[PDB]
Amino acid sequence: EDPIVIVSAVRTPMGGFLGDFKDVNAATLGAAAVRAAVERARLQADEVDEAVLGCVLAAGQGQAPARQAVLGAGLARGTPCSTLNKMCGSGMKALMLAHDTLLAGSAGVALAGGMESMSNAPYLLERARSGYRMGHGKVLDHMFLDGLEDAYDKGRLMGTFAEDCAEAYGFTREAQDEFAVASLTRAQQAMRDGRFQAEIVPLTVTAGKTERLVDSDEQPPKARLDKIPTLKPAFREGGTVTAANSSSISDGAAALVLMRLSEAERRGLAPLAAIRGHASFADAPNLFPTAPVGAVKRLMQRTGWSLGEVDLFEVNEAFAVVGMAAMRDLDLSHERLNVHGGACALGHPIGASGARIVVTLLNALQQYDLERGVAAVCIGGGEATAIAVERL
């Protein structure tokens, strides 16, 4: 048995929109995570022979964001780099491609992760090139058009499909708000008891003339529990889904180093976990909130696991309904799901979350001395991915 193992895993703090990382581009967040992941793996700067970083909103970053992040991290010029867009799942699909590249023998040491600066997403002029001709046009938010809106039902925010899911499942405004308060409570607790310290690499940001250490997640401490049940529906007249039971716009990155178990052992490197499998599921774009259920069932078949044998689940909290659908359809305890909080408290930097939730899962498995984790993420366009990890 020579499975692929994760030997290192780290994330930046997750900043709020126009918050802590307002003036930090995606490649600098990526560089911070990449540097840390390689130092934690006890590797030299030239030992990564495949690097794949998730990123959805690449407009205005310049050529090859992942290349900018890897070279900005101090890794050697010889490091092959790719930038990967599988929407909200980009950071996990990076792990899955890196995993397969290692199994196929194309690489011996791979860096996977993702990064997003939602703050630095620019505006777009679709008809600047060839001409508006006459009449008003649109100045398009890149984050909205290329990140948050469906491509088929044009202009339709993903929150509308989360509302369809609330209606189909009978998820009440109150039950969504309770899931969101549990996520917010857990994150504040985790932060307070230092349960994120082992997984975070701080950044230094230039603060006008001075410099600040950002070493903690910006959003859980700023949340107002009192306003949650007061908010207007966000996506539909007289709906249940709100800003507070949806994930927020966020800036962050995450990076993990993978290799064969035999290569970790040949390096004297203690693995965090073996990857025991991964799964890809797709259906209609308007059914994305339930897609994680499909991915996790395919993952149980591919691994030979059962749901009952899994200690911890991370299901990315794009909306409370995504977590609540998974609890209903996979018969999971809220006690085993998103135990340190989730995107409803921490944010959803779209290209990083798929990797971020795997970093959080690894830390949490270690902290409670548990064996088996599953991470799953729903994906714009109607997809989900899921990954099984096991501590040895």
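Residues carry their position along the shown sequence, with the first being 1.
For the pair 237 to 245 and 276 to 284, the mean B factor over Cα atoms is greater in 237 to 245. Here 250 to 258 and 263 to 271 are compared by their mean Cα B-factor, and 263 to 271 comes out higher. Set against one another, the Cα B-factors of 85, 290, 206, 301 in the record reach their highest point at 206. Highest CA B-factor among the listed residues (222, 99, 93, 297): 222. Per-chain ranking of the deposited C-alpha B factor places residue 141 in the middle third. Split the chain's modelled residues into thirds by C-alpha temperature factor. Residue 344 is in the highest one. When the modelled residues of the chain are ordered by C-alpha B-factor, residue 13 sits in the highest third. In this PDB entry, residue 320 carries a Cα temperature factor that places it within the middle third of its chain's modelled residues. Placement of the Cα temperature factor of residue 117 within the chain: middle third of the modelled residues, per the deposited record.
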